[PDB]
K.L.:
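First, the structure itself, so that you have it in front of you.
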Amino acid sequence: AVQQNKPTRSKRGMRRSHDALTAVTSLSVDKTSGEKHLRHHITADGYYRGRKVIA
Amino acid sequence: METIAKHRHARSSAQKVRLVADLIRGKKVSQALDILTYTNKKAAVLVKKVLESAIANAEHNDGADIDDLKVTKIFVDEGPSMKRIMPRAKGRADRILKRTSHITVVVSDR
Amino acid sequence: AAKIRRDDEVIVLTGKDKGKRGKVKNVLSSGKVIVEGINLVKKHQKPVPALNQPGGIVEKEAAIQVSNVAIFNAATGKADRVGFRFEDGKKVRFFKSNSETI
RNA sequence: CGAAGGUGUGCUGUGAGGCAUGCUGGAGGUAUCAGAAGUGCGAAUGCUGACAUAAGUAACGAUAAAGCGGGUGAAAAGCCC
RNA sequence: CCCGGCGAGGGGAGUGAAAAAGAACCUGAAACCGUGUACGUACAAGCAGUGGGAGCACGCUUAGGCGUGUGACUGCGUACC
């Protein structure tokens, strides 16, 4: 099955009106090192909730 | 004062790069870097490199201050396409397009 | 034969160096000459570790069209034209303003 | 002291059209009256090149199968031990 | 000289009459794809225009008008070969 008429750029945009991405609302700050990280994740230096976990 | 940076002939589709470009339009540079660091897309790496280059140009060639800069313009345009061949069943051949784009970032202190 | 030869004194007829004087250094096959102190250009030279040569911006001479220079006549202080004739058994050049051998 | 060509504005004839000028371009153009034609395109499932739509959709080629530690590197599910 | 992987790509300085003449290099049309500004659009039914016509934004102004853009609401109206 295939189309009988060619769709328009207006219709293309209307369909694409649901494709926008979402950004992270905010980041968290560790209590000993001051780094920024994703909530419930460890930091790039190896801290979580004030304690060094990974050397 | 305004400062430009560009990446020409980048290996990606403009439709795919515009999704990431729409996230940082009109933001402060620090906020924009924080937004780009936590987006799980391939276009984010390219856009981040271009933004960093623009900040460096503004510091070195114009004597600007980092804490006053904002992303005043950003856009993506289509480049040339490469043409390739892919075989199908019963001896029929198809065409493949490999698309590219140009990326422009403008930072300003006003 | 040729009217302009190496080691001659010439005056420039056209260009940005119009009116200057100099000496011919060498003659190229395409119809061009190199004259000392005339038609200078600036070149951006890349360095090369071999040959112990560094880079920099250098000033050198560039070739100029042969028909844009003339032969200088010190007796008159003016440009001139050149002709050919046989004198003893040999060919010679001569000035056309006063019919004097060069 | 700015030709052809490109792109806007104003005026003008019943029409095919004409004239003037701003920006771009960087060396050619041609009155009047006569003369000769490869002389005017939207269609021919016309011919050649470029670019759209369907769509960021189908698919990534045998259902023998992978897990972990170290190394290198800007980056390692796939490279080396 | 500077950002970047001793990258691809870019921003300055310098050459030249000119670098949107930078090697993907005279001029640079159209299809097609974007960023910004003004006005319209979420109780409304069809070849998408034509006649009538408020409201908003903007430029002259002889303060009397007019020009340009958009166009709620309403009569008529089923492409071309």
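So you know, we letter chains A, B, ... as the sequences are listed, proteins then strands, and number each from 1.
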K.L.:
Counting only Watson-Crick and G-U wobble pairs whose two distances fall below 3.5 Å, is D:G10 partnered with D:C19?
P.N.:
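Both donor-acceptor distances below 3.5 Å, so yes.
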K.L.:
Nearest whole angstrom, please: distance from the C1' of E:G10 to the NE2 of B:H9.
P.N.:
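Distance, rounded to whole Å: 12 Å.
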K.L.:
Is D:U30 paired with D:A64? Use Watson-Crick or G-U wobble and require both distances under 3.5 Å.
P.N.:
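Between D:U30 and D:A64, no qualifying pair exists.
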K.L.:
Among E:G10, D:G56, E:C1, which is the nearest nucleotide to the side chain of B:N57?
P.N.:
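Between E:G10, D:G56, E:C1, the one nearest the side chain of B:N57 would be E:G10.
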K.L.:
Below 4.0 angstrom, N of the basic side chain to O of the carboxylate: do C:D7 and C:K23 qualify?
P.N.:
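So C:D7 pairs with C:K23 through a salt bridge.
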K.L.:
With the side chain of B:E78 defined as its heavy atoms from C-beta on, choose the nearest nucleotide among D:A52, E:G11, D:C51.
P.N.:
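Among D:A52, E:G11, D:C51, the one nearest the side chain of B:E78 is D:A52.
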K.L.:
May I ask you to say whether D:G29 and D:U30 are base-stacked, judged by six-membered ring centres under 5.5 Å apart and ring planes under 30 degrees?
P.N.:
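Flagged as stacked, both criteria satisfied.
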K.L.:
Under 3.5 Å, is there an N or O donor on one side and an acceptor on the other linking the side chain of C:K16 and the base of E:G16?
P.N.:
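Per atom types, no contact qualifies.
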K.L.:
So, north or south for the sugar of E:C47, given that a negative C1'-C2'-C3'-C4' angle means south?
P.N.:
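Since its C1'-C2'-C3'-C4' torsion is negative, the sugar of E:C47 is on the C2'-endo, or south, side.
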K.L.:
Measure from the side chain of B:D77, starting at C-beta and using heavy atoms only, and say which of E:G36, E:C3, E:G34 lies closest.
P.N.:
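Taking heavy atoms from C-beta onward, the closest nucleotide is E:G34.
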K.L.:
Tell me if D:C41 and its neighbour D:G40 stack, counting it only when ring centres are under 5.5 Å and the plane angle is under 30°.
P.N.:
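No, D:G40 and D:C41 do not stack on each other.
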K.L.:
Students should be able to answer this: classify the pucker of D:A65 from the sign of its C1'-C2'-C3'-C4' torsion, north or south.
P.N.:
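Taking the sign of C1'-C2'-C3'-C4' as the criterion, D:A65 has a south sugar, on the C2'-endo side.
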K.L.:
Rounded to whole Å, how long is the line connecting atom CD1 of B:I74 with atom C1' of E:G36?
P.N.:
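Computing the B:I74:CD1 to E:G36:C1' distance gives 15 Å.
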K.L.:
Looking at the six-ring of each base, are D:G26 and D:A27 less than 5.5 angstrom apart at the centres and less than 30 degrees apart in plane?
P.N.:
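So D:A27 stacks onto its neighbour D:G26: no.
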K.L.:
Counting side-chain heavy atoms from C-beta on, which of E:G12, E:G34, E:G9 comes nearest to B:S53?
P.N.:
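The answer is E:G9.
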K.L.:
Among D:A54, E:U15, D:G56, which nucleotide sits nearest the side chain of C:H44?
P.N.:
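Looking only at side-chain atoms, C:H44 lies closest to E:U15.
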K.L.:
Taking the sign of the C1'-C2'-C3'-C4' torsion, positive for north and negative for south, which way does the sugar of D:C68 pucker?
P.N.:
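Taking the sign of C1'-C2'-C3'-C4' as the criterion, D:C68 has a north sugar, on the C3'-endo side.
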K.L.:
Any side-chain donor-acceptor pair under 3.5 Å between A:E35 and A:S33?
P.N.:
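The criterion, which ignores hydrogens and geometry beyond distance, is satisfied for A:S33 and A:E35.
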K.L.:
Given E:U35, E:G11, E:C3, which nucleotide is nearest the side-chain atoms of B:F75?
P.N.:
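Looking only at side-chain atoms, B:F75 lies closest to E:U35.
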K.L.:
Is D:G22 paired with D:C68? Use Watson-Crick or G-U wobble and require both distances under 3.5 Å.
P.N.:
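Between D:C68 and D:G22 there is no Watson-Crick or G-U pair with both distances under 3.5 Å.
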K.L.:
Go through E:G10, E:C33, E:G4 for me and flag the one nearest to the B:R8 side chain.
P.N.:
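The nucleotide sitting nearest to the side chain is E:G10.
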K.L.:
Keeping B:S53 on the side-chain end and B:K49 on the backbone end, is there a donor-acceptor pair under 3.5 Å?
P.N.:
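Here the side-chain-to-backbone pair does not exist.
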K.L.:
Which sits closer to the 5' end of RNA chain D, A:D19 or A:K6, going by the nucleotide each is nearest to?
P.N.:
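In this pair, the answer is A:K6.
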K.L.:
Could you tell me if the bases of E:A21 and E:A20 meet the stacking criterion, namely six-membered ring centres under 5.5 Å apart and ring planes under 30° to each other?
P.N.:
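Stacking between E:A21 and E:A20 is absent - centres under 5.5 Å, planes under 30° not both met.
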K.L.:
Donor-acceptor pair, B:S81 side chain versus B:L97 backbone, under 3.5 Å?
P.N.:
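Not a single qualifying donor-acceptor pair exists.
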K.L.:
Give a yes or no on whether E:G71 and E:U35 are a Watson-Crick or wobble pair, applying the 3.5 Å threshold to both distances.
P.N.:
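E:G71 and E:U35 do not meet the Watson-Crick or G-U wobble geometry.
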K.L.:
Looking at D:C51, E:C33, D:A55, which one has an atom nearest to any side-chain atom of A:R15?
P.N.:
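Given the options D:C51, E:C33, D:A55, the side chain of A:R15 is closest to D:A55.
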K.L.:
How about C:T101 and C:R85: does a side-chain donor come under 3.5 Å of a side-chain acceptor?
P.N.:
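Yes - a donor-acceptor pair under 3.5 Å links their side chains.
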K.L.:
Closest to the B:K6 side chain: E:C2, E:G10, E:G7?
P.N.:
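Taking heavy atoms from C-beta onward, the closest nucleotide is E:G10.
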K.L.:
What's the closest nucleotide to the A:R12 side chain, out of E:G10, E:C33, E:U15?
P.N.:
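The closest nucleotide is E:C33.
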K.L.:
I would like to know whether C:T76 and C:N73 meet side-chain contact (heavy atoms from CB on, under 4.5 Å); could you show each step before the answer?
P.N.:
CA-CA 6 Å; C:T76 304; C:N73 195 332; 4.3 Å; yes
K.L.:
Quick check, does B:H102 stack with E:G9? I mean ring centres under 5.5 Å and planes off by under 30°.
P.N.:
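Check failed, B:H102 does not stack on base of E:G9.
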K.L.:
B:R18 CZ to D:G56 P: how many Å, rounded?
P.N.:
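One finds 13 Å between P of D:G56 and CZ of B:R18, rounded.
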K.L.:
Would you call B:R110-B:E2 a salt bridge at under 4.0 Å N-O?
P.N.:
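A salt bridge is present here (some side-chain N lies under 4.0 Å from a carboxylate O).
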